[PDB]
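We begin with a single chain expressed as C-alpha cells, specifically the form solved without this ligand.
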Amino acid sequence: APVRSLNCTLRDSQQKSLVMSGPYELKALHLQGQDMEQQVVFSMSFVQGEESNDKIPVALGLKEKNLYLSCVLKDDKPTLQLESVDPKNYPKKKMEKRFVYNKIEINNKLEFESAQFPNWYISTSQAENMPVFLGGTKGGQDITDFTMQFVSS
C-alpha cells in the first residue's frame, strides 16, 4: 500500500498502558483485565525520512481516527499533542516533520525520538494517570522506553 502501516499498542517499561484522556490527550496508567480494552490502538505508518538499521522513521496515528501525535513548540518548548488532520489526505508516505518520529530499537525496547526536535522523546511519568509527554532527558526520572504489541487489525 502507498504508505504501509500496522496496528499496535504500546506499553512503557513499567507496564503502564496508554488511554485517551480528553479529545487531544493521552494518559498512562497500570491497566489489567477488562479495562485493558480502554487502551489506545495506534496505526504506525512507515514514512519517508533518514533511515538506519536501528532507526526507522514512523508516524503515530490513532487507528480509524484522523488524529496523529505531533511535536510543536508551545510556549518556547517542544510539546507533544494530538492533532486533527483532513481524513482524506492522511496518512501519506511523506508526512510533515512535526508528525515524524525516529523509532529506535535499543535493548528489546523501543524509544521514539522526535524527528523535529533531536533528543526529545515520547515519555511517561512514573506516577499513575499522568499525561504522555515529550521529554528532553533520557535515563532519568521519566520513562522513555516501550514495548510494542501487534494487533490483528
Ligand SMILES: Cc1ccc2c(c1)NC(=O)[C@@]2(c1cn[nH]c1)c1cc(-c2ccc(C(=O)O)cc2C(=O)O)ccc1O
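Note that residue numbering begins at 1 and tracks the sequence as displayed.
FYI, the form solved in complex with this ligand isn't displayed, but the following is about it.
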Inset, instruction - Check the shown form for clashes with this ligand: superpose the C-alphas around the site so the partner sits as in the bound PDB entry, and report blocked if 3 or more ligand atoms are within 2.4 Å of backbone or C-beta atoms, open if none are. - result: blocked
Legend entry - Within 4.5 Å of this ligand in the bound PDB entry, all of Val3, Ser45 and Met95 (non-hydrogen atom): yes
Legend entry - this ligand contact at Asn102 in the bound PDB entry, heavy atom, 4.5 Å: yes
Inset, instruction - Would you please decide whether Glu50 lies within 4.5 angstroms of this ligand in the bound PDB entry, comparing each non-hydrogen atom pair? - result: yes
Legend entry - 4.5 Å heavy atom contact, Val85 to this ligand in the bound PDB entry: no
